[PDB]
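Peer 1: Let me begin by handing over the structure; questions about it come next.
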Amino acid sequence: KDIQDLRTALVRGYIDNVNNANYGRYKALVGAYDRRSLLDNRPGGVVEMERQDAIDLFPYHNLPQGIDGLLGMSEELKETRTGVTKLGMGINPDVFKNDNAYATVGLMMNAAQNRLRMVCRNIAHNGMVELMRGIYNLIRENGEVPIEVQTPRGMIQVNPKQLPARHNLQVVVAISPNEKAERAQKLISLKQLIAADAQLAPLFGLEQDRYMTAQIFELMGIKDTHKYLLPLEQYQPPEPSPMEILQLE
Amino acid sequence: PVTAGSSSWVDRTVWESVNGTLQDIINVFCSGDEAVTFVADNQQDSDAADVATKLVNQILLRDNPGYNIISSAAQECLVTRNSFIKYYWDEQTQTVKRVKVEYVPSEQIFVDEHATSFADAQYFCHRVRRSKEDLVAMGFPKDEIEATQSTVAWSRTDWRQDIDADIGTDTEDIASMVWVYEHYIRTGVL
Amino acid sequence: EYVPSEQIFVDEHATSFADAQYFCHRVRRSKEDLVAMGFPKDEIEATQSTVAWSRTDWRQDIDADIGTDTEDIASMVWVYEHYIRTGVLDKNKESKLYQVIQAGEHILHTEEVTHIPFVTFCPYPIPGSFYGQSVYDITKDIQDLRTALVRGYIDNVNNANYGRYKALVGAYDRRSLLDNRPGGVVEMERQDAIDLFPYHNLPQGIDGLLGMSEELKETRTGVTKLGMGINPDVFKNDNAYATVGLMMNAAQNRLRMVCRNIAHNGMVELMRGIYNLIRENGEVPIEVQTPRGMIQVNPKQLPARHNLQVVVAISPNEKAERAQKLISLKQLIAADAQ
Amino acid sequence: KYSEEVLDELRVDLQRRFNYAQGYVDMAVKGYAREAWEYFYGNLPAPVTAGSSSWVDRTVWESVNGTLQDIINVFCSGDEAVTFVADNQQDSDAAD
């Protein structure tokens, strides 16, 4: 508001400073008008007799010099204080979580960007987490809703009380849309890690590997049973080949 | 304008800044597919965290217009100095129970002067618009003929819709909308 | 079908379809449909919206005589659809929402529905109101002013084009002066009898005002003369082209914000409404590949909206991208022999 | 299915509600919409006088087109409008 009013005033001033200048009135003497010719606007023909100096452009006050400076000061004050830049970049959730995510190019050291991120973080901490905790308490303190568990391919009625309290739950907001894909990468990376060490191989059985692959697919390939992939329920051990049998014999 | 000759040109500076901030606000919160994802601090309750995350996301984003609520809260708070969001146990009746989340304009909120937060608030009032059907379900079943700053503020907010206006529905109608008061009071009524 | 806003009526106390207590719509339906629902023996049943629509284009007038005879069974008539939340039955009963299709002093049809099909687009939505802002609500302020200035500018040149010559009375030499042939003017009698008529110079502030208006339009409207558009890929994730096209431009961010508001308010609502409509009625089969035939999947068998996420603004090439993932996934499943 | 008295009461209520809604919408939206459309084609700000020869600046139209091109490039550019994605593998097939 403090920026607005002032600016408007100046702008109004500016407008009239032009509007009046648009009239372009011509000052003239009394006895040297030559009204018939002067009124006519046809190209050329004015009879400017009687000293040849009977008409002159009416002087107009020049635009005040400070108007441009005041406008620039107001604009920069708005940019630095409000936090909005004409050609500045926005804040993605990824940079919001960590401003150094794009440290290679987009260090995001801009004061306006930092102020905007600060106010966004204040909104998130004050409002979002409180709302989520309130909803969690409301659902946890009443209602009977089941959950579709995959192991039996059915619905299990989990009592609301069975859910843990807020003391043991951390709430996170402002998650990037592509974060899921990122998680997938981690999983495969983790897979490689657990593939590197053979000590953990006995624990990492077929079911765990299939579950990890299914999680990766759900991250990208929502549907998995559509093709060669076979659910572990219908899987059966392969029949031994004659070659190994005869080798054992 | 002070005078016709001046022809004052109002500079839309507040609107520009508000929109510039709100676009980033929505790009940070509502941009993600899911609102939040609870993460358990212990592996024992890790499974329960996923179920709670799915339930809250379904309740907020899909079951209710989460985007509209968030946008309304963002636009109004920046200019109105505060926005409020309410969640209730809707019990519409095939009787169903839902977690109804709605944005409450600041024009319909009243708090005491000595309160600085909801935790220490000693009195919180709210004027809600509820159909006479709900009232009949809780009191005066035989009587249903029970017929300013907030209204002026809301009218000035848009200038198109006047909250205190006659929609046209007959007052005797069972679905007529009436103003009720919800009061959360910390007092020894006993 | 797209319903122009000129044929929509809502009550003042409603801010959204969910809480709307009355929604009316004037539709143009042929008399054939009316005969199918009422007054079979009578078919001779013969302003702001019309004016607004005429002013929208100035070519087509909705309230105009096409020429078809009124008695014709295919003549078009104005019917009214009303979704009303009222206790038409005993008020003690729940305020069920009823859809009523009526003609002139005739209620053709009445039914009970729990979802208004209409889906609205609200660019720059106004919180706590059924109608949002619009481009005209902003650009108009820029337009008028600019036009005025431009008009000024034009005359400032137009008059200057005349180039009138001021001259004394007794030193005209009309015969020579009028002649425009190269050279020959007899400018006798003090040699100063003709001089270019002074003209006011162009005001200095015009250029500054025009520049201020242009930059204000660029920053506020969100449209840049040489700026780049927003592809669906960048719309989903602004960091997709973070290598070069970080898309930090304020105008681009505002445009993406309004586009996202339109998507969330309109697109997903329309898709959910269509899904409910198909899921609540109709018998459509599906071409399943395993038997190379058609399986009649009942509409109820489809899951509810609670377990379905809707995504819009998908890039045309996304399919190709998916293919890559698949082959990548293939390699992964090729790596592990377990 | 309903008595004629019920139909008459419904007609009266519907007519009054329609009158109120029409008044409200005419006051609020359509009044501004008509002038917005007139400005879109640059026909409302007519010249004050013949000598002035006002040149209407098509600013609203330019901004509207600039926004609409991006809007269509974001939504209609893709071959398919939307693609429902199921949250559970059990109903993944139904989503397609």
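Residues in the structure tokens are numbered from 1 in each chain, the chains being A, B, ... in the order shown, and ligands are numbered from 1 in the order shown.
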Write out, as JSON lines, each residue of segment 39-76 of chain D that has an atom at most 12 Å from segment 50-73 of chain C, together with the closest pair of atoms and their distance in Å to one decimal, counting only C-alpha atoms, rows going by chain and rising number.

Peer 2:
```
{"residue": "D:39", "atom": "CA", "partner": "C:56", "partner_atom": "CA", "distance": 9.8}
{"residue": "D:40", "atom": "CA", "partner": "C:56", "partner_atom": "CA", "distance": 8.7}
{"residue": "D:41", "atom": "CA", "partner": "C:57", "partner_atom": "CA", "distance": 8.7}
{"residue": "D:42", "atom": "CA", "partner": "C:56", "partner_atom": "CA", "distance": 11.6}
{"residue": "D:43", "atom": "CA", "partner": "C:55", "partner_atom": "CA", "distance": 9.8}
{"residue": "D:44", "atom": "CA", "partner": "C:55", "partner_atom": "CA", "distance": 10.4}
```

Peer 1: Using the chain letters and numbers from this document, which residues of segment 79-127 of chain A does DSSP assign to helix (DSSP H, G or I), as a PyMOL selection string?

Peer 2: chain A and resi 79-82+93-97+111-127

Peer 1: Counting only C-alpha atoms, which residues from chain A have an atom at most 9 Å from any atom of chain D, and could you show them as a ChimeraX atom specification?

Peer 2: /A:148,150,153,218,222-226

Peer 1: Enumerate, in order of chain and increasing residue number, the residues of chain B with an atom no farther than 7 Å from chain C, each with its shortest atom pair and distance in Å to one decimal, counting only C-alpha atoms, as a tab-separated table.

Peer 2:
```
residue	atom	partner	partner_atom	distance
B:16	CA	C:220	CA	6.0
B:20	CA	C:254	CA	6.7
B:23	CA	C:257	CA	5.2
B:58	CA	C:306	CA	6.2
B:62	CA	C:306	CA	6.6
B:63	CA	C:306	CA	6.5
B:67	CA	C:264	CA	6.5
B:68	CA	C:265	CA	6.9
B:72	CA	C:127	CA	4.3
B:75	CA	C:127	CA	6.5
B:76	CA	C:127	CA	6.4
B:105	CA	C:128	CA	6.9
B:133	CA	C:94	CA	6.4
B:161	CA	C:12	CA	5.2
B:162	CA	C:12	CA	6.5
B:163	CA	C:13	CA	5.7
B:167	CA	C:11	CA	5.8
B:173	CA	C:91	CA	5.7
B:174	CA	C:91	CA	4.2
B:175	CA	C:95	CA	5.0
```

Peer 1: Output N, CA and C atoms for every residue in the selection just made, as a PDB file, in the first residue's frame.

Peer 2:
```pdb
ATOM      1  N   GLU B  16      -0.336  -7.039  -8.328  1.00  0.00           N
ATOM      2  CA  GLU B  16       0.800  -7.658  -9.001  1.00  0.00           C
ATOM      3  C   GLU B  16       1.667  -8.427  -8.013  1.00  0.00           C
ATOM      4  N   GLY B  20       2.260 -12.435  -7.834  1.00  0.00           N
ATOM      5  CA  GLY B  20       3.615 -12.941  -7.964  1.00  0.00           C
ATOM      6  C   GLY B  20       4.011 -13.843  -6.812  1.00  0.00           C
ATOM      7  N   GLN B  23       1.670 -17.265  -7.037  1.00  0.00           N
ATOM      8  CA  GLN B  23       2.079 -18.246  -8.037  1.00  0.00           C
ATOM      9  C   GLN B  23       3.197 -19.130  -7.500  1.00  0.00           C
ATOM     10  N   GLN B  58      -5.758 -39.091   0.056  1.00  0.00           N
ATOM     11  CA  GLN B  58      -7.056 -39.326  -0.563  1.00  0.00           C
ATOM     12  C   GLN B  58      -8.111 -38.387   0.005  1.00  0.00           C
ATOM     13  N   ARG B  62      -8.152 -35.687  -3.276  1.00  0.00           N
ATOM     14  CA  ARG B  62      -9.179 -36.276  -4.131  1.00  0.00           C
ATOM     15  C   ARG B  62     -10.573 -36.157  -3.520  1.00  0.00           C
ATOM     16  N   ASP B  63     -10.751 -36.657  -2.297  1.00  0.00           N
ATOM     17  CA  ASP B  63     -12.074 -36.641  -1.684  1.00  0.00           C
ATOM     18  C   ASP B  63     -12.614 -35.228  -1.511  1.00  0.00           C
ATOM     19  N   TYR B  67      -6.976 -28.429  -4.052  1.00  0.00           N
ATOM     20  CA  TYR B  67      -6.375 -27.331  -4.803  1.00  0.00           C
ATOM     21  C   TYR B  67      -7.159 -26.040  -4.603  1.00  0.00           C
ATOM     22  N   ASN B  68      -8.488 -26.116  -4.680  1.00  0.00           N
ATOM     23  CA  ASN B  68      -9.302 -24.920  -4.493  1.00  0.00           C
ATOM     24  C   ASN B  68      -9.132 -24.357  -3.090  1.00  0.00           C
ATOM     25  N   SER B  72      -7.597 -20.681  -2.357  1.00  0.00           N
ATOM     26  CA  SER B  72      -8.400 -19.690  -1.651  1.00  0.00           C
ATOM     27  C   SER B  72      -7.687 -19.206  -0.397  1.00  0.00           C
ATOM     28  N   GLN B  75      -4.625 -16.881  -1.582  1.00  0.00           N
ATOM     29  CA  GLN B  75      -4.992 -15.563  -2.095  1.00  0.00           C
ATOM     30  C   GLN B  75      -5.539 -14.675  -0.985  1.00  0.00           C
ATOM     31  N   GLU B  76      -6.363 -15.237  -0.100  1.00  0.00           N
ATOM     32  CA  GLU B  76      -7.033 -14.425   0.907  1.00  0.00           C
ATOM     33  C   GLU B  76      -6.091 -14.030   2.038  1.00  0.00           C
ATOM     34  N   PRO B 105     -13.533 -18.115   5.241  1.00  0.00           N
ATOM     35  CA  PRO B 105     -13.025 -16.750   5.080  1.00  0.00           C
ATOM     36  C   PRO B 105     -12.823 -16.074   6.427  1.00  0.00           C
ATOM     37  N   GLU B 133     -32.184 -28.222   7.774  1.00  0.00           N
ATOM     38  CA  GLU B 133     -32.276 -29.664   7.969  1.00  0.00           C
ATOM     39  C   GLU B 133     -31.392 -30.118   9.123  1.00  0.00           C
ATOM     40  N   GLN B 161     -21.027 -10.629  -5.379  1.00  0.00           N
ATOM     41  CA  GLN B 161     -21.890 -11.445  -4.538  1.00  0.00           C
ATOM     42  C   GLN B 161     -22.052 -10.781  -3.180  1.00  0.00           C
ATOM     43  N   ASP B 162     -23.299 -10.652  -2.734  1.00  0.00           N
ATOM     44  CA  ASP B 162     -23.624 -10.111  -1.419  1.00  0.00           C
ATOM     45  C   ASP B 162     -24.110 -11.267  -0.552  1.00  0.00           C
ATOM     46  N   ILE B 163     -23.358 -11.570   0.507  1.00  0.00           N
ATOM     47  CA  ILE B 163     -23.697 -12.713   1.348  1.00  0.00           C
ATOM     48  C   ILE B 163     -25.060 -12.510   1.997  1.00  0.00           C
ATOM     49  N   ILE B 167     -31.552 -15.051  -1.722  1.00  0.00           N
ATOM     50  CA  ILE B 167     -31.375 -15.960  -2.849  1.00  0.00           C
ATOM     51  C   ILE B 167     -32.706 -16.212  -3.541  1.00  0.00           C
ATOM     52  N   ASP B 173     -38.921 -23.252   3.754  1.00  0.00           N
ATOM     53  CA  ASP B 173     -38.285 -24.412   3.146  1.00  0.00           C
ATOM     54  C   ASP B 173     -37.343 -25.090   4.133  1.00  0.00           C
ATOM     55  N   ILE B 174     -37.391 -26.424   4.159  1.00  0.00           N
ATOM     56  CA  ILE B 174     -36.565 -27.185   5.089  1.00  0.00           C
ATOM     57  C   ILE B 174     -35.083 -27.056   4.769  1.00  0.00           C
ATOM     58  N   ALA B 175     -34.732 -26.696   3.535  1.00  0.00           N
ATOM     59  CA  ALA B 175     -33.341 -26.573   3.122  1.00  0.00           C
ATOM     60  C   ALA B 175     -32.844 -25.133   3.150  1.00  0.00           C
TER      61      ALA B 175
END
```

Peer 1: May I ask which of the residues A:221, A:134, A:31, A:13 is the closest one to chain C, counting only C-alpha atoms?

Peer 2: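 Smallest separation from chain C among the options: A:221.
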